[PDB]
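Following: one structure in structure tokens, then a few remarks.
Number of protein chains: 4
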Amino acid sequence: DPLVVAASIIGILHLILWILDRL
Amino acid sequence: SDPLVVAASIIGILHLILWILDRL
Amino acid sequence: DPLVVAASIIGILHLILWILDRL
Amino acid sequence: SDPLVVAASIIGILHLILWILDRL
Ligand SMILES: C[C@H](N)[C@]12C[C@H]3C[C@H](C[C@H](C3)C1)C2
Ligand SMILES: [Cl-]
Numbered sequence: 001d002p003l004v005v006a007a008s009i010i011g012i013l014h015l016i017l018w019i020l021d022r023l
Numbered sequence: 001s002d003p004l005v006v007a008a009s010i011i012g013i014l015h016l017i018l019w020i021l022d023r024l
Numbered sequence: 001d002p003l004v005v006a007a008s009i010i011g012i013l014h015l016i017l018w019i020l021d022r023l
Numbered sequence: 001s002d003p004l005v006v007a008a009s010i011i012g013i014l015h016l017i018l019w020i021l022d023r024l
């Protein structure tokens, strides 16, 4: 489903952004 | 087709939106 | 899949805890 | 069981672990 695929991409992006914000 | 996965998908998108706004 | 169920629950819990942290 | 969903599930669990630890 596009919703689950989009949320999966966004979840991976969120971790990337959060790690970068903390560092 | 799982309502929990659908709900958690919406919530995950909302979480990123809220977190970006909080940081900016 | 128990993994996707668990990540769904953890994702919901994560948003709740983070909102309460921000408040 | 899509590899993308499996990876994002693992990453979402890791994200909660890391975030709790950081806030502590
Ligand atoms: C990262 C999200 N908690 C989420 C949880 C579930 C696994 C994937 C896709 C969506 C459902 C959203 C990641
Ligand atoms: Cl934060």
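Protein sequences appear in the order of chains A, B, C and D. Going by this note's numbering, the residue at position 22 of the first sequence is 22; the numbering climbs one at a time, nothing skipped. Going by this note's numbering, the residue at position 23 of the second sequence is 23; the numbering climbs one at a time, nothing skipped. Going by this note's numbering, the residue at position 18 of the third sequence is 18; the numbering climbs one at a time, nothing skipped. Going by this note's numbering, the residue at position 15 of the fourth sequence is 15; the numbering climbs one at a time, nothing skipped. Cβ atoms here follow ideal geometry from the backbone N, Cα and C, with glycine treated the same way.
- Membership of B/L4 in the alpha helix (DSSP H) is indicated by the continuous run 3-23.
- Chain B places no beta carbon closer than 8 Å to that of C/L3, leaving this residue out of the contacts.
- C/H14 is not a Cβ neighbour of D/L24, given a cutoff of 8 Å.
- By the Cβ neighbour-count rule, A/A7 is buried, with 16 or more other Cβ atoms within 10 Å of its own.
- In this structure, the alpha-carbon of D/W19 lies about 24 Å from that of D/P3.
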